[PDB]
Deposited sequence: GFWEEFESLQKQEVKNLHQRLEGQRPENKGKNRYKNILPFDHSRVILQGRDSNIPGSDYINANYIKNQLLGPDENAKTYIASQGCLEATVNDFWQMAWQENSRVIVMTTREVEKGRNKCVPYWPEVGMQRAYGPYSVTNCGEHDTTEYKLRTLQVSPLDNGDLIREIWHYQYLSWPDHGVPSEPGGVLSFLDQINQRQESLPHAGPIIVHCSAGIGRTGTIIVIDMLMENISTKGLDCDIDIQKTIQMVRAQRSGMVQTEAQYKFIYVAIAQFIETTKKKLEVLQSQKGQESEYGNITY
């Protein structure tokens, strides 16, 4: 090496992979694809079949480097296509993901959103070289906790499917905190498995409820381990996420929901200090 260093600023705006003609079916919208540089490549597939290693999903994190261990990471994903549920599990398995967030009811307003990729309760079904059994739901007001048990050679990996059904693609929740109370549980279950790889977040297209959800979570995590007094650059966080998977905070009410999300998490987590007065 040397000072000889190709300063690759924004080394990737690239998106040719999901343009391959073979992936057409593997995408739900034409303009909404994953940056080849942050795209999560399916392993196993044949080096000699067109877009074999493809999925419209991307990795994500504050920035490529920094604090704690490699700070918390997610996978922004596109709601399963019947034609692509077999390989979501390929990436879920392969990414050692152990927690899953699905922020859309399969279908909303007659318009499909995501396609089931889990078996019915007490039942099993295998998606490719993986056999998952839905061990039993836990349905809170705002969500339903499925408890799949995927299997390679029975080597049960337990994954948690948190599905949010109260936050409609046609509009952010009202004066909620159920996505905060929903993000807590999701957060403590991951806070319960270090070996746990990338949490997998997704809606359908994967750049709206998904991207919002992930940004809030990025803000709540930062304030928690750094302080409710530190700087919060939501516009900045957003572009640093869009530099990963463009579009992320897709519509008006959403960008403005990250604000309503944060400010309550901040007061909530600040009246929690009955543990202290700090009134010198």
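Q: Where does the structure fail to cover the deposited sequence at the C-alpha level?
A: No C-alpha for residues 1-5, 158-160, 289-299.
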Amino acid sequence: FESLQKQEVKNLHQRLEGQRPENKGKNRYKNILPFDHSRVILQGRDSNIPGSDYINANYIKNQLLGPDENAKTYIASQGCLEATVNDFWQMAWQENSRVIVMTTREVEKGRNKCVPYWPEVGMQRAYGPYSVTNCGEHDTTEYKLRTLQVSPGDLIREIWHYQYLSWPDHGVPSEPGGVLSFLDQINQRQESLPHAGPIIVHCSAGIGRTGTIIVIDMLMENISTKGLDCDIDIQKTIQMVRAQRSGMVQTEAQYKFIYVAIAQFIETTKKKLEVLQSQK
From here on, numbers count along this sequence of modelled residues.
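Q: Taking only the CA atoms, which stretch has the higher mean B-factor in the record, 214-222 or 39-47?
A: Between 39-47 and 214-222, it is 39-47 that shows the higher mean C-alpha B-factor.
Q: When the Cα temperature factors in the entry are averaged, is it 58-66 or 30-38 that ends up higher?
A: Mean CA B-factor is higher for 58-66.
Q: Which of these, 152, 176, 208, 119, has its C-alpha atom at the highest B-factor, as the entry lists it?
A: That would be 176.
Q: Between 167, 182, 88, 127, which one tops the list for Cα B-factor in this entry?
A: Highest C-alpha B-factor among the listed options: 167.
Q: Going by the entry, which third of its chain does the Cα temperature factor of residue 204 land in?
A: Its C-alpha B-factor belongs to the middle third of this chain's values.
Q: Looking at the entry's B-factor column for C-alpha atoms only, identify whether residue 79 ranks in the lowest, middle or highest third of its chain.
A: Its C-alpha B-factor belongs to the middle third of this chain's values.
Q: Going by the recorded CA B-factors, say which third of the chain residue 137 sits in, lowest, middle or highest.
A: According to the entry, residue 137 has a C-alpha B-factor in the chain's middle third.
Q: Just say lowest, middle or highest third for the CA B-factor of residue 191 relative to the other modelled residues in its chain.
A: Highest third, going by the recorded CA B-factors of the chain.
Q: Rank-wise, by C-alpha B-factor, drop residue 24 into the lowest, middle or highest third of its chain.
A: Middle third.
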